[PDB]
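Taking it in order: structure first as C-alpha cells, then the write-up.
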DNA sequence: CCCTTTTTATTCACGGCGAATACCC
DNA sequence: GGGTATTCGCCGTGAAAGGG
RNA sequence: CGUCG
RNA sequence: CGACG
Ligand SMILES: [Mg+2]
Ligand SMILES: [Zn+2]
C-alpha cells in the first residue's frame, strides 16, 4: 500500500523518492515493454 | 627579547638547550597546495604533470593536433571575508591557452593551414587561504591527509591460517599506482598460481607463455642445466662441490684410488674439503640415479626429423637406451633438491594442458571475460593494454623506486611501465624466500607507507576530469566537422566543475573543521587518517593495523588517537616530523662526528633509520659537544641497547620530537600513564573558550607557537608604531626602513567581532596594544579566542584541594564553590543560526508582507512594519521572529524552538535580482559603503596631509615641479574616483542563489550559557567528571588567612589511575601563586623599584643550570612596573614534557615564597569550624570546560508527533522524540515478571493509535486502566510478507 | 493501509527464495543440479518435454 | 523487539549523597513535562480549571498554582531509571523521585555498583509507568530495596566502593599513643561526646561498657553486659550496628570485604527490612567521617626505598657480567636472555618487597621511654590496604619500579623500566607502555562487541523456559563433587551444593546410614552436617536430568540466589541465566 | 520520453554447507 | 563395477547516462 | 547515545 | 546514507 511507502515532497533541485517505488516502476515499465513487444509478432531472440 | 616577551617573561626550567627552532605547523597543508598551484619547468608536480599526461592528443584519420601552450590563474572577484558571509564558493577561474592546427592531405608531417589560439575557461578551482582552509558554502573546510601503502612489490605470509597443517606459506603482491594487482601465491602441494583482481586461479605458465617464451626459455632460468656425455663405461655427470651438501649417500663416492664418501656415510667438512682440494673431474655415477631426473629440452633427431620425447617427461630405461643407441650426445636435465632448491616449475607444468601461447590467450580471455567467447585479435589487444599501456597502467617515481629497491637495483629512475624481466625478477625473489635464503617484509613499517596530501588528490581529480574531457572531445571529433568555429565552447567546463565539487564537497576526507579551539584547528589540519578513498575500511581492520610499529619514533604521536571504533588510524603528526619528496616521513637528527655533536641536522627516513644508530636526547654534555659518559643507550634496528662512545652515529634534536603539538602542552607528561595522557590530549582538544581566558600558571612554552601559527590572531606584517586603537580596527603606521616606495602607506587590520563558528561557539578578537606602542614584525596585535598576550589560554585556574567532602566527589564528581559562579569565570556565549527560506508557491507566492493572521497584540511591538525582528531584543523560545505568509490564510512564520532564549545580534538578508528589499538590505549596504568610505578616508588622510606638506615645501625647475605634483594629484584623484566606483560596483553587485527561492533571511541568536550543576569539566591529565552542587562560600574549607577553596577534588583517583603529574602541577601552581602574592605584596603598598627588581632577579635565578638567563639590568623603570603588573596574579612556569622541573626546584620555589615544603597546610571546616586531623593538599590547578553542557542533553517528551511509515515516536532533541527501548531492556524486563509493564511499553505508548487516545482519556478522567489492542507494526509486517509470494494470516 | 494491488505477468518467472535457499527447493524436488536450473532460467540451454 | 516509547527522559547523572536507597532526584522541568496528563487529570478532578484547554494554558504559562499539585503525584509514584548499556536485571530499577532544582538526575551511590555507572559525564534514561499494575510491579518487584543480591550468586550488590570504606577504615583503627589513651568509659554516647568535644582522639584504646543482644532463644532476645578493650571509633560505629549483630564484627580491621560480610550477616539474621536502613546509616556515617578524615596525596606520601639504587647497581653489574660471558663465547643467547629476564624479575621482586616493607613500617611512636613500631598512617597505604580504590599492583608500579613492558607481537624486552612514576622518565621508557596501552584499548574495544554478540546469541537459546511445576520426581542426577586440577582446592563444598535439592540418599562411609531424604532443600544448616561428615560425592538433581514437559520444576533448580526461600512458579530463569553469563564476559 | 558502445578494475575473521576429481578391492 | 576422503567456492554473521 | 545535511 | 566524539 502507498501508506507503507511514504513519499514526502521535498524542495530542491532533485526529487526525493523511495527506492522500492522506483523498483516497482521499473517492473511495470518492463512488463509494459513486454506487452507492447508481444503485440508485434517479434522473433525469438528479442523476446528472449 | 621581543615586545611581547617583555610584557610577561615565562620562567623556563629546561636544562638542555634547543638547537632547531619549531617550524611552521601548517607546512604539510600549505606547501603541497603551493606546489599544486605554481608552475614548474620540469613538469613533475602540479598542474603541468596533469596537463602533460593528456596533451598532446591525436585523432585517427583526422590529422588534427591540439597541443598545449600555457595557462594562467585568474583573480577572484570576492576575497575570503566576503564568501564567509555571502555563501558563495571562494574559487578562482582557470584560463588556459590551446593551439589547434590541421595538416594537409596524405602528409602526416605536413605544413599547417591556420593557427587556432584562444583563451579557454575550464572550471573554477578553490583556493587555499593563509590558514589552510577552504570556503565551500561559507564554512571553512579542511581536507586531511591519507596514509596509504606505497606502490611497488611486497611479500606477505600467513602462519598456517588457511590450511590446518603447521607450516608457513609465502605470497608476492604487486601494487601499482593506477592499474591491476598481481598476486603470486604458493600452495602446500608446491605449486604457483596467479591471481589478478581477485579473479579465479590460474597457473604461472600462462602468464609466462604469453610473453613470447618457449619451453626451453623457461626451465633454464630457474634451474641449473646438467649435461650428460657418453663414455666407454659408467657414464657420468659433472660435479660441483657446492651442490651436494644436504643429501644422503646414494652410492660409493670414489675417484683416483681415494674413497671420499662410502655407502651410508654423512658428508662432513673433511670430505668436502678433500673434494675441493682434489677437484678431479672424472667421477662415476651408477644407473639408479638417472631415473630420478626429468626432461629439460625435447630431443629432436638430425637424421629422421622425428622427436624422441616431449618436454618435462619422466626418464625411463627404454628412453635412455634409445638415446644411447640413436646418437644423442648431449642429454640435458635439471637439479632436484629438498632443502636448497625446489622443483616448483616442473610441478606447475604437469597440472594443466596449457602448452602453447594460443591456449594461454584463450585461458586469459576466459578468466577475464567468462561470458564472451575467446578470440585472437581482441585477446591480444587485451593483453596489450593490461600491463603494457601507459594510459591504463602507469606508476609514479615512488613506485619505480620501491620496485627497484626491493629487487636490489641501483637505478632509482624509470619509465613507469612494466616489462618482461620484472616478473622474472619478482619470481626469482619469491623463490629464495621459500628456499630459505630470503627474508619477508612487513606492511606496518613506515618505509612501505606513503602520506598523500591534498595536492596529489586534487591533481588526481583534475586528471580524471581532463581524461573525461579528452574522451568527450575524442568522441565528438570522430564525427564532427573541422575548421568551422573557434575552439572555445567545445570544451565543457561542467565535468571538471562537477568533479571538483564532488572532491571538495561530499567526500570521506573532505570533512568540516571544528573552530572551538585553535589547538583543535591545528590538530585537525595536522591529521593523518588512514581511511578514505583508496584506503582501508574502519570495520574491516585488524589487530596489527591498529597497532603502532616501533618505527614510528618522532613521526607519529603515540598518545593522540581517538578512542573507540578507529584507534591507531587517525593518528596525528609530530612536531619535528616533515614530509619527503616521494611522500614518506623524515625526522631531523644531529650528526655526531668522532664524538663531537655537530649542530647541523640531517633528515632520515624510515628505512634509513635502521641502517644507522641514533642516540637519545637525554645525554649530558661537557659544554663542548662531547659525551661525559662512555656507555649510553641507543637504538640499532628497533631495540634499545647499550653502546660505546665512538659507536654513536647520530643524536636526537629535542625531547618534544616524539609527541605532537596536542600532547606537548600537557605539563609533567612523564609522570602520567599512557591512557590518562591520551584522555587528557583528547579532552584538551574539546576545550571551550570562556569569557575571560586567563594565563596558565604551569605551562610548557609551545602555547605561543599554537597562538601565532594558527590564523586566529592578528600579527603585524611590518614593524612600526600604533596610530589608532579601536575594538573594530587597528591602524599601525609602518617605519621608514620597511616602507615601500610604491605601497599605499599605513596598514589597517580588521578585527572580527562576534562571529559564529562551526560548533555554535562565539569567537571574537580583542586588541591588546595601547595608543602609541612600538611593535615589530611577527608581533601579536589582537588576542582572539583562547588567547592571552600571544599565549594559548584554554581554561581557568582556581584553588584545588584533594579531600573527600561529604560524598560530593564519590566517583569522579567535582565540588565547585559559588565564588567561581560569582566571579563570572566559566560563562560561555553561544551563537546559533536560524534561517527562513521563501520558495515558489502556486496561487500566491511566499512573502513577508503585513496582515499576518493568528497573531497577538504583543507581536506588533517586537516587529517592524515589515516583519523582521529588531537587533538587540531579548526573545523567548516560542515567539515569532520572521512572519512569512503563504497564500493557498495559511501561516508559515519562523518561530524559536523551546529550550533557547537569546538576543538577536545580526540579521542577514540575501535577495535575488527579481525582488529587492526596501528597508532591510539597503541599510546594510549603506552601512558597508559607509564603513568602506571611512576606511579609505582614514587610509588616505595621511597621504593628503603629505601632499599638502609637499605643496607647502615646494611652493624653470620649481614651476615644472609644481606642474608635476599637480598632474600627479590629478592622476591620484582620477584613480581615487576609479577605486571608489570599483568598490561601489563590488559591494552593490549581489549574488546567485538556487533556482526556486526568492529571498533568504537569517537571524542569529546569542545565548549566554553559565555554569550549572550537570556540566562537564576536566583538566589536562585525564581527571574527567561532572559538577554536583554549587557550594556556598561559608561552607567551603579555608586556611588561616580565610581564603576559601574554590574546587574540591577527590584523591581516590590517584592510586587507581596513574596520573600523578597533576599533583606536581598543583604544587607548582601553588608555588607560582605564592611568588605572585609576594610580588603583589610589594604593589598593594608604596614600595621602591630596586628592591622589586632584586626580588624579580631572585625569582629568576633558582639555579640547577637553567637555559633562560634573563637580565633585569637592561630593563628601564617604565617596563619593570608593567612586568610587575603582569606578574601580580602569578608567574607562568614553562615545564617541558620530558625536560621538566625536578622536585628539588619545586621545593626551592616553595621555600622562596614563604610556603611550606610538603605543600599540605592545615585547613579548617566551613560548616562546623574545626581543624581536620590530617593536612590537606591544596594548591592551584588549571581546569578546563568541555563541550558537554547539560542544556543540550536534557530532553523529555510525554506526547508528540509520530512517523508515517510506522506508528512509532520519533527520536532526538531537535525533533520532538522519545527514548529508545532496546532489546536488552526487554530482556531485563523479562528477567523480572513485568507482564503489564511490557504490555504498556510497546503496545500502548508506541502502537494502538485508537488505544493510546483511550489511555490518555482514561488518565484525564482519572482511570489507571489500559487496553491490550493491536500493534500496528505487526500489521505492517503482515502486509509486508503478504507483498511477497508468501501467505500468512491469523487463525482463531 | 490494508488495501493492496496486484500486477499480472504476461510471461512466467521463477522465485528467488526457492532457488537459493541452500539447499534449493526446486533442486531438491527435481533430479537436477543447481547449475542446470540456472542455465535453463537464464536461457542458456533447452530441456526436452 | 525495540520500539520508541513515550513518557521518557534522559539527563546526566549526579551523586546527591543526601538521598535514601528507595528514592532518587528528579528535576522540576522533567517532572512537569513527563507528568502533563496527570496534572491535567488532577486539575479536572479538583475543579480548578474549566476545561482541558484552560489547564493547558495554566501549565504552559509557568504559574505558581500547579506546583503544590505536583507534590501529590510525585509522592507515591515510582519511575523506572535505566542506563543505556543494559547487561542484566539490575540495569533497570525503580525509585520514588523527589523534586530537586536543576537539570540533572541524582542517582544513589549505593546502586552505582549494580548500574556500573561513574559520574564522568554518563547519561541515564528515566521512564514513567502509566498502568496501575505496572506501578505495582515496579513497587513490589523492580524496587531497589528488594533487589539487593546478585542474580549470579548469593552475594550482596550493595557494597561501599571507595569513600565509605575509607571512612570506616579511618574511623576504626588501632594506635599506640593518642589523646585520651587509658581511660574507661560508661557507654558509646560518652565516647561520641568526647570525640565531638575534642577531649579524646578518634583512634585510641579505651574501655566502654557495651550491651549486646542475642537471639539464641525462640520468641525473645536476651541481653548481656560486658566490657571490652576497643576503639572510640568502633564505639561510635556500634550505635549504627543494630541489636541483631554481636561485637565481633565491629572490633575487626573493617576493610572492604568486612563490610560486605557484615551486610550479609545482617541480611541473613535480621532480614530485608533492617538491612536497607543499616546500609544507608553506614553510607551516612562514612560520608560524614570522610570529611573529618581529610586524606590527601602528595610527594612525601609516595616514599622511595633508599636501598633501591644498590639493587639496581648489582642487577646492572650482573647483566654486564653475563653479557661479558656471552661475548666471550661461554653461554648461548637463548639461555642468556632467560637468565637476564630471570635476574631482572628477581630484582623487581626484591625492590617491591623492600618498598612494601618501607611502606608498612615507617612510623615509630614512643609511649614511655623506648619507642614502638606499628602500622603506618600513610594515606596511599590506607587507600591500598583497605581496598578502597586501587589494587596493590598499581601501588607497586607507582612507588617502586613498574617492571618489564612486553611487546604487542608476543615477545618481551629484556630490559625493564628503571625509574618509577615519581622520578623522571625518558622517551625510551614511554614507548612500550604506549604500545601496551594501545593494544589493551583495541583489545577491550573489540572484546566488548564480541561479548555483546555472545550474550545476544546466548539470550535466544533459553528464552522459552518457564517453571510450570513444583515437584515432579526423578531418580537420575549428577555426581556433584569438588574438582581437583592437581594442586590445592579451588571451590569448596559449601559453594557448590548450596540451595539445590538432592536426588537420592547419601551413603555414609563410617556407619552407612541415611542422612538426608530424597526431596529436601539444602539450606545453610545441612551443609554444615555435609562438611562435618566429610562426604565424597552427593547425588544432586540438576536441570538437565529433569522430566517436566516444556520447562523445569521448582525442585530441579533450587535456590534462585535472590531470596532466602524457594523460587516461585512462573519465573523465566533462562533469561536471568543468560544475562548473568553474558555480564562478566567483558 | 528513448537507444548504445568502449571499456570504473578495486581487496576481513571465522564457520556451515554444497559440488567436481580421484585410488583401491 | 563404485564409493567417501580431500579440497575449493558460496553464503551466514559481526555497465548504463547524453541530447534534441 | 547524540549533532548535521 | 557518511563524518565526529
Ligand atoms: Mg562513564
Ligand atoms: Zn524435575
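Chain D is numbered as in Swiss-Prot; shown residues: 343-928, in order.
Recorded method for this deposit: electron microscopy, 3.5 Å.
Cβ atoms are placed via backbone N, Cα and C, with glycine included.
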(message) D:888, D:895, D:898 show up in Swiss-Prot as binding Zn(2+) 2; which entry in D:814, D:869 does that record put in the same site?
(response) D:814
(message) I'd like to verify something. Among the binding-site residues D:460, D:462, D:464, D:895, which ones have a C-beta closer than 6 angstroms to some atom of ligand 2?
(response) D:895
(request) May I have the list of same-chain residues other than D:814, D:888, D:895, D:898 whose Cβ is within 8 Å of the Cβ centroid of the recorded Zn(2+) 2 site, in sequence order? (result) D:811, D:813, D:816, D:883, D:889, D:890, D:894, D:896, D:897, D:899
(request) List nothing but the one residue from D:814, D:888, D:895 whose Cβ has the fewest other Cβ atoms within 10 Å; the candidates are the binding-site residues. (result) D:814
(request) Round to the nearest Å and give the CA-to-CA distance linking residue D:898 (Zn(2+) 2 binding site) with residue D:462 (Mg(2+) binding site). (result) 44
(message) Counting across all protein chains present, how many other Cβ atoms fall within 10 Å of the Cβ of residue D:462 (Mg(2+) binding site)?
(response) 17
(request) Would you list the binding-site residues among D:460, D:462, D:888, D:898 that come within less than 8 Å, Cβ to Cβ, of chain B, in the order they occur in the sequence, writing 'none' if nothing qualifies? (result) D:460, D:462
(message) Return only the integer: C-alpha distance in Å from residue D:464 (Mg(2+) binding site) to residue D:895 (Zn(2+) 2 binding site).
(response) 41
(request) Using a Cβ cut-off of under 6 Å to any atom of ligand 1, determine which of the binding-site residues D:460, D:462, D:464, D:814, D:895, D:898 qualify. (result) D:460, D:462, D:464
(request) Using a 10 Å cut-off, grab the number of neighbouring Cβ atoms around the Cβ of residue D:898 (Zn(2+) 2 binding site), all chains included. (result) 24
(message) Can you give me the Cα-Cα distance between residue D:460 (Mg(2+) binding site) and residue D:814 (Zn(2+) 2 binding site) in Å, rounded to a whole number?
(response) 46
(request) Using residue D:462 (Mg(2+) binding site) as the reference point, find which of the binding-site residues D:814, D:888, D:895 has the shortest Cα-to-Cα distance to it. (result) D:895
(request) Could you tally the C-beta atoms, other than its own, that fall within 10 angstroms of the C-beta of residue D:464 (Mg(2+) binding site)? (result) 18
(request) Indicate whether residue D:895 (Zn(2+) 2 binding site) is helix, strand or coil by DSSP. (result) strand
